[PDB]
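If you're matching them up, the sequences are chains C and J in order. Here PDB author numbering runs 273 ahead of the position in the first sequence, where the first position is 1. Here PDB author numbering runs 1 ahead of the position in the second sequence, where the first position is 1. Working notes, structure below.
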Amino acid sequence: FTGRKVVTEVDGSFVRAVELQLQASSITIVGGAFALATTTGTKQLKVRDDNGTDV
Amino acid sequence: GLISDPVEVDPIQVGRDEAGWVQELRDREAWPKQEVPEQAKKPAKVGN
């Protein structure tokens, strides 16, 4: 059995924690131009930003 | 056949190619780089 809680303030705000994220300036499609083996073939795309994050 | 006859196709080779686990690789000297072969990205079998 489990339980979890996020401790917020009296007014309701959450100040005990901070979230940081990396800015993204551009994105590219991994692998560049690709050719399917067959017409009916499918390929799952992957997009990565300038930081290498899979977006 | 005969002993002097040319070497015939090995059934082991046929089964080996049917299983499709012989490693295919990108041509090292090709430019631009080739796309990855179909077998090089085949998933692991769910069982055996």
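Idealized CB from N, CA, C, for every residue including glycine.
Item to check | Where C/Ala-310 meets chain B, residues with beta-carbon distance less than 7 Å | outcome: In the displayed structure, chain B is absent; the protein chains listed are C and J.
Checklist entry - Going along chain J, which residues have a C-beta under 7 Å from C/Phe-307? => result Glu-36
Checklist entry - Ends of the alpha helix (DSSP H) at J/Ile-13? => result 12-20
Checklist entry - Which residue's Cα is closest to the Cα of C/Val-328: C/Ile-302, C/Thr-313 and C/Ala-308? => result C/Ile-302
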